[PDB]
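Encoded as structure tokens, the structure appears first; notes follow it.
Numbered from 1 within each chain, the chains take letters A, B, ... in sequence-line order.
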Number of protein chains: 2
Amino acid sequence: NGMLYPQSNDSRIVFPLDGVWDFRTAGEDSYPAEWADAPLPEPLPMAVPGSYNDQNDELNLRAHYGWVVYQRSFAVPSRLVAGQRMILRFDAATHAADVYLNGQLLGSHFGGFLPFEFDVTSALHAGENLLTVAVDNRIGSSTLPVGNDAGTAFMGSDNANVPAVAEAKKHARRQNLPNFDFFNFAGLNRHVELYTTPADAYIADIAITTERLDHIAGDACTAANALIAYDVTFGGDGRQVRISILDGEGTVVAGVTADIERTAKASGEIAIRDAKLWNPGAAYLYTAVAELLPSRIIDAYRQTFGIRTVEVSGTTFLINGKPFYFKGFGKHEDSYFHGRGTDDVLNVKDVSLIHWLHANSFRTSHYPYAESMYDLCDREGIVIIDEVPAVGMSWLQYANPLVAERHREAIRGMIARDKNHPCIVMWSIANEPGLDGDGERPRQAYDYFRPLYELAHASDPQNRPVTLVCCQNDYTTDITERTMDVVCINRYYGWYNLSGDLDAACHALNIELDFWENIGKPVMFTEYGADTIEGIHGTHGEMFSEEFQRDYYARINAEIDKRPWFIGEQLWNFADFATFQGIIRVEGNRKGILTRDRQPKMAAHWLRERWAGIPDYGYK
Amino acid sequence: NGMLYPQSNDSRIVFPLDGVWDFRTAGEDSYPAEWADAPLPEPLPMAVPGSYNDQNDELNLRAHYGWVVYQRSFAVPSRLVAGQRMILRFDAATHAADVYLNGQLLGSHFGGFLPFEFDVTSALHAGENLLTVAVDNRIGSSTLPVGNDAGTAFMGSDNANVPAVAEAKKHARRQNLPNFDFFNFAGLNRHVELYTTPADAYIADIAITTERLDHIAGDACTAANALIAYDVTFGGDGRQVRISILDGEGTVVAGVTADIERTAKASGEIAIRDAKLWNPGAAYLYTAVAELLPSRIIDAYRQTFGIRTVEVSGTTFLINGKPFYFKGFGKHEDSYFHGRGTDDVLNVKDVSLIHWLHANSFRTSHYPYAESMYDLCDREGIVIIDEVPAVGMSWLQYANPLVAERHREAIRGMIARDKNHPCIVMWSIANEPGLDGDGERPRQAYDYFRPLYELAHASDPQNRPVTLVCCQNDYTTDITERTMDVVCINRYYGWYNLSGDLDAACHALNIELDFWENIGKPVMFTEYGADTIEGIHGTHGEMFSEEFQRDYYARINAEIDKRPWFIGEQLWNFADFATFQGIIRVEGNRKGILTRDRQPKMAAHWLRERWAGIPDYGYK
Ligand SMILES: CCCCCC[C@@H]1NC[C@@H](O)[C@H](O)[C@H]1C(=O)O
Ligand SMILES: CCCCCC[C@@H]1NC[C@@H](O)[C@H](O)[C@H]1C(=O)O
């Protein structure tokens, strides 16, 4: 179950496999398996990690459909592999992969945004090892994210009534047809590494939870006592594990020795006096150090955590008992050359921009992000809504068992990976699925999502609130969204409807707000905005102008400020990002308050000024 | 019936009333009648000729709905008006106008793009006269151009299924809802002037036609003989008119004296030996001087004309018996400050750009242009397709008698105004009306348009071909377009459908071309293109990039080059232009091969190179 990030210490070593690999395109539905047996013929270079799509301008890899094959060689000293458990880890391969080592099929994985690993202890040998990775970019009615099996792309234009169009369509080059509004970047998007653990016995998983806070200070910087719980899982094979809690200075402030009982597990509680709490804009991190005992140490893992509680109470969202207000945006892992490839420089910069903006949060739209970003937000005090790639879903998917299982895999996987991060305060199990309509459609959606809501709660030891991000729909026939712990709505009044009429947009908004006022749940924006080309200006700003984007947030935010039960504003988007091409996408999605190069539009400055005056706690 | 452009000579004088007028906005469906009786209170300045919408950044006049009121004073010497017929002419008031002089109602008008005039001989007085003009910008289901009585604008975004949206819309500020893709610029868009004629008898109209050419030279520069016909109409009351034909140097090369017969009218024929012909890229103009005889002259008018024939023969378009090929675009009267206001500096520049591009033609999409532009094209050898404002029409309009009458008014008005221009070779009676579908819809469309086709032929003494510009539709059920003299098609394969896939776009195009091949009419493009933001670049050009626009024309034009019956390529558009705001309009319509400031995008350079190698005559 556990997927702890690979760590180097006195018992463990990590060997990164990132760099410039060999690369070939393959077929729409196959690749030569014999490529795993020998070096790739006439290979291209391809940097790892990164999307492959924008790394070769001679080819049109954005138009590629089907398989590609990665390959490299590597060698490690025999004395290091000696007697160790050897694990090959892929942080992410988008969307599906077959992995070979020295011609042996290790196995396969579906899911483009979560890590997977293989025990390669027996497949390794001395000298050069040959690592071959086939990657499948194809999406469809059974994938998450959801693709279309025929027709158009998300908001795609057609003149189906023309006989000539209908015929040409049947003979067109086959392409991925996304039911989502972000480009299908594929490949080894995140790191690849080989790591070691002890073989006889090793720590397989660690879970830390904040169970109770006693007598929280007025400023919530401290609690008189904090009761935390640990749960350690072991693999391999009156054994014991030592748990030391390190404060921010490395001083051991608490420690217990727990017995391991066999599913080898050790669990218990630890009381910490005058515990320092983790808050938005004021992070504090402890380290839980677990050491497997035989004075010698068998195995060890250092797990960062933060002490904080999260509770939905009525129409309030309480972090350490204080009413929190979300200030932020949905993001994307998107940048010019890397595509969906992880880039720690960009992550560090983006975190600084969030502070510059005086935002305090974002959502991982529309997939779990690279693990390093959460670590970064843990230490920088930025709150996260963590979301699985369940985007583009409709009734066709709810009836599909493969989809249901892939959806369960993602929810359990995301939470298994991310459970220990204090910055994560809420889980999102889908973005804009079909939930409304007539007949049995609302009930069908509910019956699909309710067990996923329950699963997210069951999987998370911290028991954080669970939500589903709702598209702009008929909210009166939608019966699912209102049952979530927090109502998260995507609304584009004045952009996709009532276009350009801000008086009418605000009037319509207030009408839907009157509806939600009665539901009595806490409600927040997870999307709202307007496409905006930097440099377009007007004295009376029209759609696509910098001025209109500014006016838009000013008019909308003035309305939600009148609602005490309205607990957050996360806009769309942090920055312009790449999409499938189309008549409404001007070099991608331009709803960023920043450009793709992270430069601030007029609206960013206005938002920065507004957010500077809004406190993390007690705004409402 | 005649609306000769006002002329100054020894019998006639023109007094221009252009300049900076007084101006007030008024109500959605009324204005204060006393504003005609006295100076406007607290007036704004408003230059005229010009649209009013972009002349005041303190107001949002683009959002204005209903009436505005113009006013100025003027005074002329009594000795000039004495014994003269006094006429006040409005070259254009968009869309409807009520005109007052000195508190007296002169009358009203509805056509927004054609001239109208009043006899003010008796309403004028000595000293300052007060001229008040109320202008109505409203469009709807009975106007040409066509507006929507409710709902949305063109290619407009909606979420009607949301209850909040439905309610807000019913309370929204009233706005014009166009069924066309160009902004509803309104006001005194063209010149205003007072002119004089003799009172007792005067020249009211002149029509010149090329009846026959005998033995045209091999280079079509001359004909051994040209038979031209004249028709002069008189107003007022053995009278005679002298008709002198002047060549380009002012030399009298022919002269006849004709008897006036009573609708007092004189008509006859004149033979011109070794006549110099008017051709695209090689214009030649004569002047017909008509002089009403009492050695004294009663009245006189100089009418410019050019000697050329136009004939559709099979799948060829013959000018002076030679097979012509259209190279060009649809235009707009559109510019940054003037709006739809006429600007002869811009007209002169645009004409030089047409030469720069090596284009030879354009269409007056989607309304008759200012008269000065046709004079310009007469002397510069650019061919024109002249079009009435019948845009946005569908079955709702075909059943409305008021629309039918306004449509007949526009066709007769356009042809009465423009009949003498040699540069005009074809008439267009609509742009993209609804023609297709099932049941009686194709037949209903046919029955509406056939008598308008016949009317256009009956109204034009030169009997030029008549067309109707057809939208991208179901060409198999459309029964109207294939009966026009030239088939003019607007096609957006690869933009609005098969988006971004030029292979599939060309495949679909060729399928429709296979259809038109058998119809046996000459066929041309009147629209095709792709929105393009200057400065957006890619190695593999996607939609909105300069490269994609270039690739688009390159792939499409290669296909039509294979069809001998395809006699012209007029793209969309000459230059970026203003539209109603919406999610597919990035600061207006960006399908220009030039920017709104008339700067060339990449495609313009490519098109210039292609057109440089295509001759006006004999390409096919
Ligand atoms: C109003 C109904 C349509 C709203 C759709 C808004 C879309 N939501 C999900 C995001 O991934 C898209 O980028 C966003 C958009 O298109 O910018
Ligand atoms: C593909 C079927 C619809 C095509 C419509 C294309 C439109 N025709 C008339 C022009 O006035 C518009 O500007 C043009 C467009 O939108 O650029």
Side-chain angles (χ1 to χ4, degrees), chain A residues 57-58 60 62-63 152-153 156-169 171-173 175 436 472-476 492-493 495-501 503-512 515 531 533 536 538-540 542-545 548 580-587, chain B residues 57-58 60 62-63 152-153 155-165 167-169 171-173 175 436 472-476 492-493 495-501 503-512 515 531 533 536 538-540 542-545 548 580-587:
Chain A
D57 286 72
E58 283 197 291
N60 198 15
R62 282 207 183 193
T152 45
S157 56
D158 57 33
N159 308 141
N161 67 313
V162 184
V165 167
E167 184 78 2
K169 185 182 79 176
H171 292 266
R173 180 182 180 187
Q175 296 283 279
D436 68 337
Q472 177 132 40
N473 60 8
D474 187 355
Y475 48 87
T476 67
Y492 289 85
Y493 293 112
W495 183 260
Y496 286 124
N497 61 66
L498 307 169
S499 296
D501 189 347
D503 288 343
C506 287
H507 182 193
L509 176 56
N510 271 315
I511 288 172
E512 186 178 346
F515 168 85
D531 288 80
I533 309 305
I536 297 192
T539 51
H540 296 266
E542 300 188 352
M543 298 166 62
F544 286 99
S545 80
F548 178 87
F580 193 97
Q581 70 184 322
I583 61 174
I584 65 164
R585 293 291 171 257
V586 185
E587 197 168 33
Chain B
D57 285 72
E58 282 196 290
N60 196 14
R62 283 206 184 194
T152 48
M155 301 285 209
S157 212
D158 203 357
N159 308 141
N161 68 314
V162 183
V165 166
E167 218 64 358
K169 187 178 111 175
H171 290 100
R173 180 183 180 187
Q175 295 283 280
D436 68 337
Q472 178 131 40
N473 62 8
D474 186 355
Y475 46 86
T476 66
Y492 290 85
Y493 293 114
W495 182 260
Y496 286 123
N497 61 66
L498 305 169
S499 296
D501 189 347
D503 289 344
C506 287
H507 184 194
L509 175 55
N510 270 315
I511 287 171
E512 186 178 346
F515 169 84
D531 288 81
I533 307 305
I536 297 192
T539 50
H540 298 267
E542 298 188 351
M543 298 166 62
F544 286 98
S545 80
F548 178 87
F580 192 95
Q581 70 185 322
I583 63 174
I584 68 163
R585 292 291 171 257
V586 186
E587 197 168 33

Spacing of CG belonging to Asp158(B) relative to OH belonging to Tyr496(A), to within rounding of 0.5 Å: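 Atom-to-atom, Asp158(B):CG and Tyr496(A):OH are 14.0 Å apart.
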Note, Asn159(B) side chain near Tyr492(A) side chain (heavy atom, < 4.5 Å):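 They are not in side-chain contact.
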Min side-chain heavy-atom separation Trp495(B)-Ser157(A) under 4.5 Å: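 Answer no - side chains too far apart.
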Tell me, for [X] versus chain A, whether the close heavy atoms (under 4.5 Å) come from the side chain, the backbone, both or neither.
| X | answer |
| --- | --- |
| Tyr475(B) | side chain |
| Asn60(B) | both |
| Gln175(B) | neither |

Residue list, side chain to side chain contact (heavy atoms under 4.5 Å, CB included) with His171(B), at least two apart or on another chain: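 Residues passing side chain to side chain contact (heavy atoms under 4.5 Å, CB included) with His171(B): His507(A).
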Check [X] against [Y] and note the closest heavy-atom contact, atom names and distance.
| X | Y | result |
| --- | --- | --- |
| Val162(A) | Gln472(B) | CG2-CG, 4.2 Å |
| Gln581(B) | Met543(A) | OE1-N, 2.9 Å |
| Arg173(B) | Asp501(A) | N-OD2, 4.4 Å |
| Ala168(B) | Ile511(A) | N-CD1, 4.5 Å |

Residue part contacting chain B, namely of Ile533(A), when any heavy atom lies under 4.5 Å: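 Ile533(A) touches chain B through side-chain heavy atoms alone.
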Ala164(B) backbone acceptor or donor facing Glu512(A) side chain under 3.5 Å: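 Not at all, since once roles are kept as given, no pair shorter than 3.5 Å links the two residues.
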Qualifying residue for side chain to side chain contact (heavy atoms under 4.5 Å, CB included) with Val586(B), from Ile584(A), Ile536(A), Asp531(A):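 Between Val586(B) and the candidates, side chain to side chain contact (heavy atoms under 4.5 Å, CB included) is satisfied uniquely by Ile536(A).
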